[PDB]
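upload_39.txt follows; it contains compact mmCIF, N, CA and C atoms.
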# COMPACT_ATOMS: atom_id res chain seq x y z
N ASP L 1 59.75 236.18 86.79
CA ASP L 1 59.45 235.46 88.02
C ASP L 1 58.46 236.24 88.89
N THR L 2 57.87 235.57 89.87
CA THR L 2 57.07 236.22 90.91
C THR L 2 57.97 236.59 92.08
N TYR L 3 58.04 237.87 92.40
CA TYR L 3 58.76 238.35 93.57
C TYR L 3 57.76 238.83 94.60
N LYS L 4 58.16 238.78 95.87
CA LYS L 4 57.29 239.15 96.98
C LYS L 4 57.90 240.30 97.77
N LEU L 5 57.02 241.12 98.36
CA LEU L 5 57.42 242.25 99.19
C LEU L 5 56.75 242.11 100.56
N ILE L 6 57.56 242.09 101.62
CA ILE L 6 57.06 242.19 102.99
C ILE L 6 57.27 243.64 103.43
N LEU L 7 56.21 244.29 103.89
CA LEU L 7 56.29 245.66 104.38
C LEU L 7 56.02 245.65 105.87
N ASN L 8 57.02 246.03 106.66
CA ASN L 8 56.93 246.01 108.11
C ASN L 8 56.96 247.46 108.59
N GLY L 9 55.81 247.94 109.07
CA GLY L 9 55.72 249.28 109.62
C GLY L 9 55.45 249.28 111.12
N UNK L 10 56.35 248.65 111.86
CA UNK L 10 56.24 248.56 113.31
C UNK L 10 55.14 247.58 113.75
N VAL L 11 54.01 248.13 114.17
CA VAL L 11 52.90 247.30 114.61
C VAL L 11 52.04 246.93 113.41
N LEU L 12 52.26 247.59 112.28
CA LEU L 12 51.49 247.37 111.06
C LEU L 12 52.33 246.62 110.04
N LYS L 13 51.68 245.72 109.30
CA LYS L 13 52.37 244.89 108.33
C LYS L 13 51.54 244.78 107.07
N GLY L 14 52.21 244.46 105.96
CA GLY L 14 51.54 244.31 104.68
C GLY L 14 52.40 243.47 103.77
N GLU L 15 51.85 243.13 102.61
CA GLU L 15 52.63 242.35 101.67
C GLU L 15 52.01 242.50 100.29
N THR L 16 52.81 242.19 99.27
CA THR L 16 52.35 242.29 97.89
C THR L 16 53.32 241.49 97.02
N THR L 17 52.98 241.38 95.74
CA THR L 17 53.81 240.67 94.77
C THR L 17 53.89 241.47 93.48
N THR L 18 54.86 241.12 92.64
CA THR L 18 54.93 241.65 91.29
C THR L 18 55.58 240.60 90.41
N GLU L 19 55.25 240.66 89.12
CA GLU L 19 55.97 239.90 88.10
C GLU L 19 57.07 240.78 87.51
N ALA L 20 58.25 240.19 87.31
CA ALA L 20 59.36 240.93 86.74
C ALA L 20 60.39 239.95 86.18
N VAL L 21 61.22 240.46 85.27
CA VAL L 21 62.22 239.63 84.60
C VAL L 21 63.42 239.35 85.50
N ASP L 22 63.77 240.27 86.39
CA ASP L 22 64.87 240.04 87.32
C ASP L 22 64.57 240.79 88.61
N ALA L 23 65.48 240.66 89.58
CA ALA L 23 65.23 241.18 90.92
C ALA L 23 65.36 242.69 90.98
N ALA L 24 66.33 243.26 90.25
CA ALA L 24 66.49 244.71 90.24
C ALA L 24 65.23 245.40 89.75
N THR L 25 64.57 244.84 88.73
CA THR L 25 63.35 245.47 88.24
C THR L 25 62.22 245.35 89.25
N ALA L 26 62.05 244.18 89.87
CA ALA L 26 61.04 244.03 90.91
C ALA L 26 61.25 245.01 92.05
N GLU L 27 62.51 245.27 92.42
CA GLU L 27 62.77 246.18 93.52
C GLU L 27 62.42 247.61 93.16
N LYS L 28 62.67 248.02 91.91
CA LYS L 28 62.24 249.34 91.46
C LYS L 28 60.73 249.49 91.60
N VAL L 29 59.99 248.46 91.21
CA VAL L 29 58.53 248.47 91.32
C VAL L 29 58.12 248.51 92.79
N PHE L 30 58.80 247.71 93.62
CA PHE L 30 58.47 247.65 95.04
C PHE L 30 58.83 248.95 95.75
N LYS L 31 59.93 249.59 95.35
CA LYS L 31 60.35 250.82 96.02
C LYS L 31 59.42 251.97 95.67
N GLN L 32 58.86 251.96 94.47
CA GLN L 32 57.89 252.98 94.10
C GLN L 32 56.55 252.76 94.80
N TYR L 33 56.10 251.50 94.85
CA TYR L 33 54.88 251.16 95.57
C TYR L 33 54.99 251.49 97.06
N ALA L 34 56.10 251.10 97.68
CA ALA L 34 56.30 251.39 99.10
C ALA L 34 56.29 252.89 99.37
N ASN L 35 57.00 253.66 98.54
CA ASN L 35 57.09 255.10 98.75
C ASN L 35 55.76 255.79 98.45
N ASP L 36 55.11 255.42 97.34
CA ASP L 36 53.78 255.95 97.02
C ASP L 36 52.81 255.76 98.16
N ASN L 37 53.01 254.72 98.98
CA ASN L 37 52.05 254.34 100.00
C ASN L 37 52.53 254.67 101.41
N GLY L 38 53.54 255.53 101.53
CA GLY L 38 53.96 256.02 102.83
C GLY L 38 54.86 255.10 103.62
N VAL L 39 55.52 254.15 102.98
CA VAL L 39 56.34 253.16 103.68
C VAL L 39 57.79 253.37 103.26
N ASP L 40 58.60 253.91 104.17
CA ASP L 40 60.01 254.15 103.90
C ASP L 40 60.84 253.49 104.99
N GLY L 41 61.95 252.87 104.59
CA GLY L 41 62.82 252.25 105.57
C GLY L 41 63.93 251.45 104.92
N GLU L 42 64.39 250.45 105.65
CA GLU L 42 65.56 249.66 105.28
C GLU L 42 65.16 248.48 104.40
N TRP L 43 65.87 248.29 103.29
CA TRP L 43 65.57 247.23 102.35
C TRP L 43 66.56 246.08 102.48
N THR L 44 66.05 244.85 102.41
CA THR L 44 66.87 243.65 102.33
C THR L 44 66.20 242.66 101.38
N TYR L 45 67.00 241.73 100.87
CA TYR L 45 66.54 240.75 99.90
C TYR L 45 66.95 239.35 100.33
N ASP L 46 66.00 238.42 100.23
CA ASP L 46 66.24 236.99 100.39
C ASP L 46 66.16 236.39 98.99
N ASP L 47 67.33 236.20 98.36
CA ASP L 47 67.34 235.64 97.01
C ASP L 47 66.92 234.18 96.99
N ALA L 48 66.86 233.51 98.15
CA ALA L 48 66.41 232.13 98.16
C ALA L 48 64.90 232.04 98.05
N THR L 49 64.18 233.06 98.50
CA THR L 49 62.73 233.11 98.38
C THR L 49 62.26 234.20 97.44
N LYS L 50 63.18 234.94 96.82
CA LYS L 50 62.83 236.05 95.94
C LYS L 50 61.86 236.99 96.63
N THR L 51 62.20 237.36 97.87
CA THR L 51 61.36 238.17 98.74
C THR L 51 62.15 239.36 99.24
N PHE L 52 61.63 240.55 99.01
CA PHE L 52 62.19 241.76 99.60
C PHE L 52 61.44 242.08 100.89
N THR L 53 62.15 242.70 101.83
CA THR L 53 61.53 243.31 103.00
C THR L 53 61.94 244.77 103.08
N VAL L 54 60.97 245.65 103.29
CA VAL L 54 61.23 247.03 103.69
C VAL L 54 60.78 247.18 105.13
N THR L 55 61.66 247.71 105.98
CA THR L 55 61.41 247.79 107.41
C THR L 55 61.48 249.25 107.82
N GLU L 56 60.38 249.78 108.34
CA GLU L 56 60.35 251.15 108.83
C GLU L 56 61.17 251.28 110.10

Exercise: express the given structure as structure tokens:
Amino acid sequence: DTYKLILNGXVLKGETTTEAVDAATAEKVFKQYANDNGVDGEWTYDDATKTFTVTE
């Protein structure tokens, strides 16, 4: 499936997508991308939209 990532860094925002077989795998990809790019914070998932948010 296509999963989405919302990255909220206070006044700064971003977003991205990945293809993955399930949600746990997409989150591993999203958590590495977020961390590689300086974005650390609280994670939540909307399984109705297959969208993760990381909030600084």

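Compared by their closest atoms to residue 56 of chain L, and using all atoms listed in the file, the residues L:8, L:44, L:17, L:25 rank with L:8 nearest.
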
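Among the candidates L:24, L:11, L:29, L:54, the residue lying nearest to residue 41 of chain L is L:54 (atoms considered: only N, CA and C atoms).
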
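Atom CA of residue 45 of chain L sits 15.0 Å away from atom CA of residue 20 of chain L.
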
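The protein and nucleic acid residues lying at most 7 Å from residue 19 of chain L are residues 1, 2, 3 and 26 of chain L, with only N, CA and C atoms considered and sequence neighbours fewer than 4 positions away removed.
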
If we count only C-alpha atoms, what is near residue 38 of chain L at a cut-off of 10 Å, once residues fewer than 4 positions away on the same chain are taken out, given as a short mmCIF file (atom, residue, chain, number, x, y, z; two decimals) with N, CA and C atoms, in the frame of the given file?
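Heads up, here's the output in selection_30.cif:
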data_model
loop_
_atom_site.label_atom_id
_atom_site.label_comp_id
_atom_site.auth_asym_id
_atom_site.auth_seq_id
_atom_site.Cartn_x
_atom_site.Cartn_y
_atom_site.Cartn_z
N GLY L 9 55.81 247.94 109.07
CA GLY L 9 55.72 249.28 109.62
C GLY L 9 55.45 249.28 111.12
N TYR L 33 56.10 251.50 94.85
CA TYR L 33 54.88 251.16 95.57
C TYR L 33 54.99 251.49 97.06
N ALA L 34 56.10 251.10 97.68
CA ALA L 34 56.30 251.39 99.10
C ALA L 34 56.29 252.89 99.37
#

Looking only at the backbone, which of the residues in chain L does DSSP tag as alpha helix (DSSP H), as a VMD selection string?
chain L and resid 23 to 36

Go ahead and save the picked residues with N, CA and C atoms, as a PDB file, keeping the file's coordinate frame.
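The file below, result-v2.pdb, is the result:
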ATOM      1  N   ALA L  23      65.480 240.660  89.580  1.00  0.00           N
ATOM      2  CA  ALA L  23      65.230 241.180  90.920  1.00  0.00           C
ATOM      3  C   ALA L  23      65.360 242.690  90.980  1.00  0.00           C
ATOM      4  N   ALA L  24      66.330 243.260  90.250  1.00  0.00           N
ATOM      5  CA  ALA L  24      66.490 244.710  90.240  1.00  0.00           C
ATOM      6  C   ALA L  24      65.230 245.400  89.750  1.00  0.00           C
ATOM      7  N   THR L  25      64.570 244.840  88.730  1.00  0.00           N
ATOM      8  CA  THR L  25      63.350 245.470  88.240  1.00  0.00           C
ATOM      9  C   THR L  25      62.220 245.350  89.250  1.00  0.00           C
ATOM     10  N   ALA L  26      62.050 244.180  89.870  1.00  0.00           N
ATOM     11  CA  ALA L  26      61.040 244.030  90.910  1.00  0.00           C
ATOM     12  C   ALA L  26      61.250 245.010  92.050  1.00  0.00           C
ATOM     13  N   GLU L  27      62.510 245.270  92.420  1.00  0.00           N
ATOM     14  CA  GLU L  27      62.770 246.180  93.520  1.00  0.00           C
ATOM     15  C   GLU L  27      62.420 247.610  93.160  1.00  0.00           C
ATOM     16  N   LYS L  28      62.670 248.020  91.910  1.00  0.00           N
ATOM     17  CA  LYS L  28      62.240 249.340  91.460  1.00  0.00           C
ATOM     18  C   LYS L  28      60.730 249.490  91.600  1.00  0.00           C
ATOM     19  N   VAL L  29      59.990 248.460  91.210  1.00  0.00           N
ATOM     20  CA  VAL L  29      58.530 248.470  91.320  1.00  0.00           C
ATOM     21  C   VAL L  29      58.120 248.510  92.790  1.00  0.00           C
ATOM     22  N   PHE L  30      58.800 247.710  93.620  1.00  0.00           N
ATOM     23  CA  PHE L  30      58.470 247.650  95.040  1.00  0.00           C
ATOM     24  C   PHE L  30      58.830 248.950  95.750  1.00  0.00           C
ATOM     25  N   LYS L  31      59.930 249.590  95.350  1.00  0.00           N
ATOM     26  CA  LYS L  31      60.350 250.820  96.020  1.00  0.00           C
ATOM     27  C   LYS L  31      59.420 251.970  95.670  1.00  0.00           C
ATOM     28  N   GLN L  32      58.860 251.960  94.470  1.00  0.00           N
ATOM     29  CA  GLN L  32      57.890 252.980  94.100  1.00  0.00           C
ATOM     30  C   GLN L  32      56.550 252.760  94.800  1.00  0.00           C
ATOM     31  N   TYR L  33      56.100 251.500  94.850  1.00  0.00           N
ATOM     32  CA  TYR L  33      54.880 251.160  95.570  1.00  0.00           C
ATOM     33  C   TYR L  33      54.990 251.490  97.060  1.00  0.00           C
ATOM     34  N   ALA L  34      56.100 251.100  97.680  1.00  0.00           N
ATOM     35  CA  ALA L  34      56.300 251.390  99.100  1.00  0.00           C
ATOM     36  C   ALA L  34      56.290 252.890  99.370  1.00  0.00           C
ATOM     37  N   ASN L  35      57.000 253.660  98.540  1.00  0.00           N
ATOM     38  CA  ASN L  35      57.090 255.100  98.750  1.00  0.00           C
ATOM     39  C   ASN L  35      55.760 255.790  98.450  1.00  0.00           C
ATOM     40  N   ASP L  36      55.110 255.420  97.340  1.00  0.00           N
ATOM     41  CA  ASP L  36      53.780 255.950  97.020  1.00  0.00           C
ATOM     42  C   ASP L  36      52.810 255.760  98.160  1.00  0.00           C
TER      43      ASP L  36
END

Mind checking DSSP for chain L and telling me the strand (DSSP E or B) residues as a CSV table (one decimal) with N, CA and C atoms, keeping the file's coordinate frame?
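What ended up in result-v1.csv:
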chain,number,residue,atom,x,y,z
L,2,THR,N,57.9,235.6,89.9
L,2,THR,CA,57.1,236.2,90.9
L,2,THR,C,58.0,236.6,92.1
L,3,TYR,N,58.0,237.9,92.4
L,3,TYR,CA,58.8,238.4,93.6
L,3,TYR,C,57.8,238.8,94.6
L,4,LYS,N,58.2,238.8,95.9
L,4,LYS,CA,57.3,239.2,97.0
L,4,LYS,C,57.9,240.3,97.8
L,5,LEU,N,57.0,241.1,98.4
L,5,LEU,CA,57.4,242.2,99.2
L,5,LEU,C,56.8,242.1,100.6
L,6,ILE,N,57.6,242.1,101.6
L,6,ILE,CA,57.1,242.2,103.0
L,6,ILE,C,57.3,243.6,103.4
L,7,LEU,N,56.2,244.3,103.9
L,7,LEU,CA,56.3,245.7,104.4
L,7,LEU,C,56.0,245.6,105.9
L,8,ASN,N,57.0,246.0,106.7
L,8,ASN,CA,56.9,246.0,108.1
L,8,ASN,C,57.0,247.5,108.6
L,9,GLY,N,55.8,247.9,109.1
L,9,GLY,CA,55.7,249.3,109.6
L,9,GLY,C,55.4,249.3,111.1
L,12,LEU,N,52.3,247.6,112.3
L,12,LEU,CA,51.5,247.4,111.1
L,12,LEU,C,52.3,246.6,110.0
L,13,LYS,N,51.7,245.7,109.3
L,13,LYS,CA,52.4,244.9,108.3
L,13,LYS,C,51.5,244.8,107.1
L,14,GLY,N,52.2,244.5,106.0
L,14,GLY,CA,51.5,244.3,104.7
L,14,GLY,C,52.4,243.5,103.8
L,15,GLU,N,51.8,243.1,102.6
L,15,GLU,CA,52.6,242.4,101.7
L,15,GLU,C,52.0,242.5,100.3
L,16,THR,N,52.8,242.2,99.3
L,16,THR,CA,52.4,242.3,97.9
L,16,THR,C,53.3,241.5,97.0
L,17,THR,N,53.0,241.4,95.7
L,17,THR,CA,53.8,240.7,94.8
L,17,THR,C,53.9,241.5,93.5
L,18,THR,N,54.9,241.1,92.6
L,18,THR,CA,54.9,241.6,91.3
L,18,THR,C,55.6,240.6,90.4
L,19,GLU,N,55.2,240.7,89.1
L,19,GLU,CA,56.0,239.9,88.1
L,19,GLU,C,57.1,240.8,87.5
L,42,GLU,N,64.4,250.4,105.6
L,42,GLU,CA,65.6,249.7,105.3
L,42,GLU,C,65.2,248.5,104.4
L,43,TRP,N,65.9,248.3,103.3
L,43,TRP,CA,65.6,247.2,102.4
L,43,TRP,C,66.6,246.1,102.5
L,44,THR,N,66.0,244.8,102.4
L,44,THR,CA,66.9,243.6,102.3
L,44,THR,C,66.2,242.7,101.4
L,45,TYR,N,67.0,241.7,100.9
L,45,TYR,CA,66.5,240.8,99.9
L,45,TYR,C,67.0,239.4,100.3
L,46,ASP,N,66.0,238.4,100.2
L,46,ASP,CA,66.2,237.0,100.4
L,46,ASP,C,66.2,236.4,99.0
L,51,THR,N,62.2,237.4,97.9
L,51,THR,CA,61.4,238.2,98.7
L,51,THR,C,62.2,239.4,99.2
L,52,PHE,N,61.6,240.6,99.0
L,52,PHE,CA,62.2,241.8,99.6
L,52,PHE,C,61.4,242.1,100.9
L,53,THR,N,62.2,242.7,101.8
L,53,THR,CA,61.5,243.3,103.0
L,53,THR,C,61.9,244.8,103.1
L,54,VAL,N,61.0,245.6,103.3
L,54,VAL,CA,61.2,247.0,103.7
L,54,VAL,C,60.8,247.2,105.1
L,55,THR,N,61.7,247.7,106.0
L,55,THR,CA,61.4,247.8,107.4
L,55,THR,C,61.5,249.2,107.8

Interatomic distance between atom C of residue 48 of chain L and atom CA of residue 10 of chain L?
24.1 Å

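The shortest atom-to-atom distance to residue 40 of chain L, with only C-alpha atoms taken into account, belongs to L:7 out of L:16, L:52, L:27, L:7.
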
State, in Å with one decimal place, the distance from atom CA of residue 5 of chain L to atom N of residue 46 of chain L.
9.5 Å

Set up a box along x, y and z of the file covering all listed atoms of segment 37-53 of chain L, add 3 Å on every one of the six sides, and write the centre and edge lengths in Å to one decimal, as lines of an AutoDock Vina configuration file.
center_x = 59.7
center_y = 244.0
center_z = 100.8
size_x = 21.3
size_y = 30.0
size_z = 15.7
